[PDB]
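Residues per chain are reported as follows:
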Amino acid sequence: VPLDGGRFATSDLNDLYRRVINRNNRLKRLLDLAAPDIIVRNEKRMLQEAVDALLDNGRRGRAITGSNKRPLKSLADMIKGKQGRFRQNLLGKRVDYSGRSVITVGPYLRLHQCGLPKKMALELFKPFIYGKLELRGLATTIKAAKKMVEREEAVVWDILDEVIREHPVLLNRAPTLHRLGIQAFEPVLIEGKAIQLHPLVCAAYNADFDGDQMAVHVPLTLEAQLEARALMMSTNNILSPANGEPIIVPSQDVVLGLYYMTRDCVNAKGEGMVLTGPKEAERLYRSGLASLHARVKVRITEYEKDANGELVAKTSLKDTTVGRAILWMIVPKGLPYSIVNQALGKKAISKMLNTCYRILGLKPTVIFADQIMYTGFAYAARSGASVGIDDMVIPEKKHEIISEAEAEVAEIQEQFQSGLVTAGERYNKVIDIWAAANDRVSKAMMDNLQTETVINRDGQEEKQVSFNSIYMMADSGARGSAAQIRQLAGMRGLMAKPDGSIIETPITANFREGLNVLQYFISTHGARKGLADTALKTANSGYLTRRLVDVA
Amino acid sequence: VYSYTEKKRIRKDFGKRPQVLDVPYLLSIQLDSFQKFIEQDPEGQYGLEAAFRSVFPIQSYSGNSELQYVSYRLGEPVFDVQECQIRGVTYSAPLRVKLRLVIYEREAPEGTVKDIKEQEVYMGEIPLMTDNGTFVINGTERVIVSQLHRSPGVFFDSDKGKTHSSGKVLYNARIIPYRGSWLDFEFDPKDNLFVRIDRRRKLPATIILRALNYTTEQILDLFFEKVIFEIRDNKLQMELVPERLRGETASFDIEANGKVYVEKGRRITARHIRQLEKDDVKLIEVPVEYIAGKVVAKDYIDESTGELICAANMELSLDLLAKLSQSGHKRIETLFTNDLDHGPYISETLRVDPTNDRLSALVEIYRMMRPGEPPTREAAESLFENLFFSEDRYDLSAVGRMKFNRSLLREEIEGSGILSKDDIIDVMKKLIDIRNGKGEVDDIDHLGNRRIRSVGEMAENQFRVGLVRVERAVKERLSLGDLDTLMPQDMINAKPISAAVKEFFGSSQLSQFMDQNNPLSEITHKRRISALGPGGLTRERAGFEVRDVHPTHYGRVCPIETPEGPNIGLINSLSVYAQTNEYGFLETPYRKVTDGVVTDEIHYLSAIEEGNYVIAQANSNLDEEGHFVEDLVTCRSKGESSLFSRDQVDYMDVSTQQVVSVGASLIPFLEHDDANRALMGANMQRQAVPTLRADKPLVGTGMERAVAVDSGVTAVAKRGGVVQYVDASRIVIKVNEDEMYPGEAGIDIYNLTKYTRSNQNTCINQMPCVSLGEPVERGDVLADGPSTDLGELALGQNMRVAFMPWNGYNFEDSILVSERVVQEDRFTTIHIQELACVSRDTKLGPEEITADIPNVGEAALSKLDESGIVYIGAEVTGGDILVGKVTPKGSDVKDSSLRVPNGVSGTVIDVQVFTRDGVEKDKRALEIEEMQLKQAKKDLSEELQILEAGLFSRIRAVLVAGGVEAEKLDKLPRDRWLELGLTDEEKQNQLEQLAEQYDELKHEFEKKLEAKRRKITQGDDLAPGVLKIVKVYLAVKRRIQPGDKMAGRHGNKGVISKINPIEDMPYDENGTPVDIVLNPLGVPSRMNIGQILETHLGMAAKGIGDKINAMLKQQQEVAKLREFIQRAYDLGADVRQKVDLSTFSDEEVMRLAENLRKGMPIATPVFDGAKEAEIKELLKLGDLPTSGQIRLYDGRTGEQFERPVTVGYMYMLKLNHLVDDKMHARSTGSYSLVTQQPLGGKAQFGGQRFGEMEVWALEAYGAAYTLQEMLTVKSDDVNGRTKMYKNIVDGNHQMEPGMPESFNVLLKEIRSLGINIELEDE
DNA sequence: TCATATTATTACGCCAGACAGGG
DNA sequence: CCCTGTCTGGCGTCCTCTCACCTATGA
RNA sequence: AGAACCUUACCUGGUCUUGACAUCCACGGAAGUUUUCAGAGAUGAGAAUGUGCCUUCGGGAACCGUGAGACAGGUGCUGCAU
């Protein structure tokens, strides 16, 4: 084929075949003419090398080349390699009725449905719309229907909502590693140009929303619609196939909304009042007469199913909070009240959904996963859980710990000037005292964050776990750990140079205090090594998955 | 004092450390390199003169003619840069070289030549550099990126562990020339020394010594010291210097002087060496078992019989001693082969050597280098004497000789370019010393061992390739030269030089397309140091250590600005203050510290000098004298950050920005961010699109000014003065007299580049930021470019941001945006698309440009004229027609008429047409000809008249010393004017002088306008081949929408999720909604805490802005404004700014306060930024709460959010990953040729590659039918897909699968081998 | 335009697999 | 003849987007 | 839906011939304004004023004059070509 212009961009195999035929014609003419021995030996040898270069180029000494120094691609190089026929056109194919766009959240969704734009929906479903238009009788020939959807008149959007309705689509994030990276949804049409994807499902795709893209595929035939609904639907994938752990675990905002909701404080509005049900618990929270965390005797009716498939009601007064009753309005019947009576971090909400799946089955667990996500988003919005510069509380004991460590390294180096100790024992003693001082700084800040709030109730003071914002983001398990909150308040440890050995002078400044120049440069050693490790680790991880699914 | 656009809006500058060295010109690498390449520099170094003095004078092989050189020159470019980008030509210059051919007679080395000839011949065109550091190669604007490669000169590398699988180290030594053959020495685990040349076969290394005319005895003289056995009274005693016994076991009885020194069994200690030196012990009698393992040094022959006793390098036995003792050779020289220190590596290599003399050594080297073809005396000697020893094919440069003498601890640094005997012998000696223990290896990441190539060096190497090809051509033509009938262009040819230099500037791995969407991105693609390219490492192979940051990067390479992905740490970006060494290394400034007092003199160092000295830290507290206020200070000695004394240091860091680059020193509060998020923040900050309304970062670092000036996107004033401000077309600046030349009266007319296409389809546009009649100074800015605001650098815009979860719409990293952001068009960016249409004559006649578009009805002839082509302007979308361009016979007509692509809208801003000389109808082509024709003359006369007006007044102005008669000077109006005599006393010939000016003005204007019409009157200017050349420039205006990507400066990426109404936003109690809601959960994990301090400090900045907006709106007399502005500019600790505000004339306070009512801009520098107490104190100057947190109500429910939230102003950027460039869908369209599967991409309307892991994921489910239609019906099988399309549109979802076509393609490709693959029984 | 037919750089890192060498 | 360095081949992540550039010769 | 002249296309005489009406060049004159004798009048001969928008000055656009032709003109014929 010619490219855009007036010349033909010729393939490499035409060069190979044209050389074999040029040489073969020369050899026939020389055997006609009775050339001497050395001429026809060179001629047959050039034909041998030409045939051997046509079949598998470069297996002989240095491969032939046309333009410019790059070798030209032979038949065996049309078969082998990453870009042969197996790995590039027979195992993986390019696919019609498919689309691709940037994802975004849309938290109003139920977890069996996803948002799909109107422009992509009218392009992916052109033949179904053509068939629907031809059934009604609005048009006649196929051309008329293609002009109608090329113009996009007022009547094809009702046709589109009547071809969408019960027709699943396969959403697919581009590095699909396990089977939960292709899931089938039902479309809900979107004014917009971005796929709205239900948030819980994101933890299956490893999909954040920092610029990600996903592909949509349409199951055309009827068996494929039934496979998308009965095997690949997103309600059907609620447990990861690698183990027994649920994969529709609530990820980050919703566990903060729950951890702020089901908690307590030693005095609030409506401390120790008594409530006749969870409905008036939410009514007291909404009207402005109690607080979301205020300990209260309620009367809840938990249904324990102790018989053989019969739900027995037991009603009692639990000493609980307001938020635990409001969250009890969403729990299905069979679970006991003690699943919400605690503080509900992330491990606790994961085993809440797991006990709901083991007891009440699939359909209450799907609808209860949605109600968890809705109430987590709503009370995280009502929480106003910001992050400030004052939330990262510096330990008051931090500077004296650093000065005691500086006195200790001064003692060790004064022994080093007088030669009492060895050099390796000096390096070991310095790394040991900076590890001990690091642990003491972490314990100072961790006490100063985990119990900083000290509020009185009707008299003398009484302490409790803190409502500091970074501490709830750490204790809830939403985002953060001990190490990250340690590096934002306490000293950020002893960073290591790329030699593999540690550096004897640590980074005594956290991020709330400023790092100076040398400390940031040592930090950049430690972080450049991590980025290089991930960006080179991913190739071995993918090649390991390939070898494993081809031995299986 | 300040300049006049500095007093417009002076940014509140935190920062305690006084800067001593201002920032160098940020494009100096590119400009200094290319100014070195083209410059007339006598003494030859470096440049084009080095190329001509290497290649010339050419003399042929005794052909008695010798073409020599005189001088070169570069003429004017025929196309200036703008019309060069428009047309598509290179931006080049013709290289006029004077060449002087002299031709000899017979027998004239000394005789005078018989004839000369000389001419200014023309070879090539070299592409000049634009004033901003760019090229224009073929219409497009490209940048050569500076390479980072291994220096020439010896390197002693180890490879300690991986080979031999036994933990035994090797030690190789590579002599890397700048041009020529590579010579490597290397041990092997048998402890033998091996040479290899150009990574070829392995020769035992002493053969190269035997190739340098060294006998075996001379080699053993070099690499071994002699132990002397004297034949004496009995048992052949030994000279013993006591150094040789260090650390060995006493095998025999060590006694002398009648005294037993050391007995057998104990090892010899250094106290025993002191005993032997104090007792003066040299000669001791040895047993016969001591010599029975040693090796002879030189040869010995039996004197009377006349034959050989033993060859050199022969081990000794007792009967050999009975041979040599009875002959009469009294001295025996043995080789001291210490097992600890002085190993016998050369001697065992000589035992491996199959050669004996020089000639067989050269024959074996020639059989190594060029195999098959025979090894004769002349051929092998010419090979080996031109491998390393001739000036043509082997040349360590000056850098190579400096590194080569420095790594061998030589004294000198300048020497000859070739090697010698002594250099190869010294490399072998240092390698042996490293094996013995003394001296150590070199590392390759050490930036003293790592040179930079730049534009001038790379273009000079390519130009030298072209010159050696043209000298082989000149040697060709001259021996076939007949004289005198040729002049020097039948010999020389302009083709190979131009071919080579356009090969490099067009298709190389470093001459690459400029990332141009941003002033930052231009100025940080020009400052780029790539490890890749020719002669360097590759992306997909290496490695771990070359991708990692080494302690010599401090102040030379940015540690944190490197692109994430497949090439991390290969594409390093250069630091802010780092220049380039004379040899090409990276030297960075330091402040010389003689004693306690840190001196303000600067001094540049590279990494092979930074190790020796002790260099302080940038922020170490020194007060009022330079004395370090502590008695101990953190420094770094040899790449090790350690704490040293007050008075030991020799250098200090210059300024605290100097570690990082110009991409990541624009991030305020860098020191509070993590390193990873600073990397992601700088790499995204390169990617910002220019918004429609540029908006001044409230929290900047003060480096915005230098980046926005030094990248040439703003129209910086060349000569200061006032202004005339016609400006609709050009800024016209009248020049003050001190900066103004005596002749060339002169006023500067700046060209503003209005709406045009960038390289990334963004819009580069300049707008004047000075009014009419306003003073400007030299170096001041006049026109704000893209993403600039009054000379600062405004990539994104500053918006009110709340940190809270808001109903899930900002879940992972999403961002929830009000409607006030999209109503104000405060991200509505402008994109420009160039679309070409050509009507080439493929076949069956030429194609045609006519509106008479076929089949298609009264839906073709619409946005066009009666003669075809889009009629300009208009609200064109997708599926429209721009250029009717269709042929007959292609009832056989078709529609190739270039239309508008699917999904885009826009306005036709410009239509260019340099078409096939004929595009015209009956007259538009010549209709506009007269328009431009009359235009030229008009301005030509106008300009003359403009100067004439100024000159006429000037005539009268000077008319005072020679006729001031006001009533006797207003005679003729447009006729003459001055008519008075003068004589002498004072020179008033001024009238005569100005008379010539006007006289020459009119005389030159005619000629100027004479060529104007000549140029005007023309078909059009372009190349041949292509016929119909119609380029149409659309300009889409994209706003913002759910799905775009925004980001701050700290690494906080986001896809804007919901575009809320104004009402539903979280409003504080004052009533203002917040603009953008981010998510707090990103902040504890991604440890980029700097965005919060930017949020609080931007809140304080707009607090001052709201306070000034109240004091100026509710208008107060300027005393209260200058008092509040003075309080705002004093504010807190000891800073550098304060202000001199009472000298702003009671109006420059008000113009400043007009430019501050949107918020007071604050410079928070990079590592010496604003502390937290100053943020709190500035939040107390404004009336804002000290915590940074305001209680916010909810727009939905009207009720307060508990636990007050953070609101502030973050500077958020819109990155050019827009969602309606990514949205794509395909049902059915076109496919490829070879395969039956769909095409790929978006510009090709193609479908999604359902790859391999998705097939494994469908196999993981039970999706057997979904996969079957996913690879047979939807993709490949042609009968299956046509039956499926008809089955769908009938209303029958059922597939008739069949076999994929690409599998039958597989069968024919396998079967086209000798392979019979089939398909068996039914 | 229409047949004529191939030369003057090196700088991955294991990891199997086959091969001449020698105690 | 069983260990053995040494040499030769054969791997090295998926998906996507933007741009430019394409054999010499020749009576 | 209006013939004294005009209208008017008809008759009688007196006259004009690139023309009463247009476009085009060439080159003579700014257009126009006023007034005189002969003649039925058409026309054929005189005296007064003006030079505006712009010129490396071979000159121009409005408005008269002359010659060349290209053309104008025709209420001339065919309503049985329309």
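Residues numbered from 1 in each chain as written, not as in the entry; some residues may be left out. Chains lettered and ligands numbered in written order. Part of a larger assembly, values for the part shown. Heavy atoms only, no water.

What the entry reports as its method is cryo-EM, with 3.7 Å given for the resolution.

A. Layout of the nonpolar core. Grouped together as the largest cluster of nonpolar side chains are 220 residues, with contacts concentrated most on A:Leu171, A:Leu197, B:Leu670, B:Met1046 and B:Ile1076. At ten residues, helix α23 (residues 1090–1113) of chain B tops the list of elements feeding residues into this core. When near neighbours in sequence (up to four residues on either side) are disregarded, B:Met1046 contacts B:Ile815, B:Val817, B:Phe827, B:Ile1040, B:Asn1052, B:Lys1053, B:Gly1054, B:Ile1056, B:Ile1076, B:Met1212, B:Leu1213 and B:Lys1214. Among the nonpolar cores identified, the runner-up in size contains 55 residues, and B:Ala205, B:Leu335, B:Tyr345 and B:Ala380 belong to it. (Core = buried A, V, L, I, M, F, W, Y, C linked by side-chain atoms within 4.5 Å. Buried < 20%, exposed > 50% of the residue type's maximum accessible area, 1.4 Å probe, protein only. Helix = DSSP H or I, 4+ residues; strand = E, 2+ residues; numbered from the N terminus. Contact = heavy atoms within 4.5 Å.)

B. Molecular detail of the interface of chain B and chain A. Between chain B and chain A, the contact holds 142 residues from the first and 138 residues from the second. When chain B packs against chain A, close to 12500 Å² is buried across both sides, 60% of that on carbon and sulfur atoms. When residues of chain B are sorted by the area they lose upon contact with chain A, B:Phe811, B:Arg1203 and B:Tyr1261 head the list and together hold 7% of the total. A:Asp390 is paired through a salt bridge with B:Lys1176; the nearest N and O atoms lie 3.1 Å apart. The tally of links from chain B across to chain A stands at 48 residue pairs in polar contact. The element that contributes the greatest number of residues to the side of chain B that touches chain A is helix α27 (residues 1252–1260) of chain B, accounting for eight residues. Residue composition of the side of chain B that touches chain A, grouped by class: 71 nonpolar, 43 polar and 28 charged. (Buried area = accessible area lost by both parts, 1.4 Å probe. Salt bridge = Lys/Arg side-chain N within 4 Å of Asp/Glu carboxyl O. Polar contact = N/O pair within 3.5 Å; in protein donor to acceptor, adjacent residues only side chain to side chain. Nonpolar A, V, L, I, M, F, W, Y, C, P; charged D, E, K, R; others polar.)

C. Summary view of the packing of aromatic side chains. A complete count under the given rule lists 29 aromatic pairs over all chains for this structure. Taking 5.6 Å as the distance between ring centres and 50° as the angle between the ring planes, the aromatic pair formed by A:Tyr520 and B:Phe1167 counts as tilted. Note that A:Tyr520 is positioned in helix α20 (residues 517–551) and B:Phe1167 in the loop between β49 (1162–1163) and α26 (1172–1181), a pairing that runs across two chains. The pair A:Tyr520 / B:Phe1167 is uniform in exposure class, with both members buried. (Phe/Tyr/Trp six-rings, centres within 6.5 Å; stacked < 30°, edge-to-face > 60°.)

D. Structural view of the sheet that holds strand β22 (residues 450–453) of chain B. Residue and element names in this part refer to chain B. Across the sheet, which stays open at both edges, the three strands sit in the order β22-β8-β24 with mixed pairing between neighbours. Among the strands making up the open sheet, the edge pair consists of β22 and β24 (529–530). Across two bridges, the pairing between strand β8 (residues 146–150) and β24 is parallel. Its bridge partner lying in β24, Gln-147 is registered against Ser-530. (Pairing = 2+ DSSP bridges.)

E. How the structure looks around the packing of helix α14 (residues 347–360) of chain A against helix α15 (residues 363–383) of chain A. Residues and elements named next belong to chain A. The N-to-C vectors of α14 and α15 enclose an angle of 155°; their axes lie 9 Å apart at closest approach. Of the possible angle classes, the one that applies to α14 and α15 is roughly antiparallel. Pair α14 / α15 crosses with right-handed handedness. Listed contacts from α15 to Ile-349, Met-352, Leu-353, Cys-356, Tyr-357 and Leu-360 of α14 are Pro-364, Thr-365, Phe-368, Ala-369 and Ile-372. When the residues that make up the contact of α14 with α15 are grouped by side-chain class, the tally is ten nonpolar, one polar and no charged. (Axes fitted to C-alpha atoms, helices over the stretch in contact; angles between N-to-C directions. Parallel < 35°, antiparallel > 145°, perpendicular 65-115°, else oblique. Left-handed = near helix turned anticlockwise from the far one by under 90°.)

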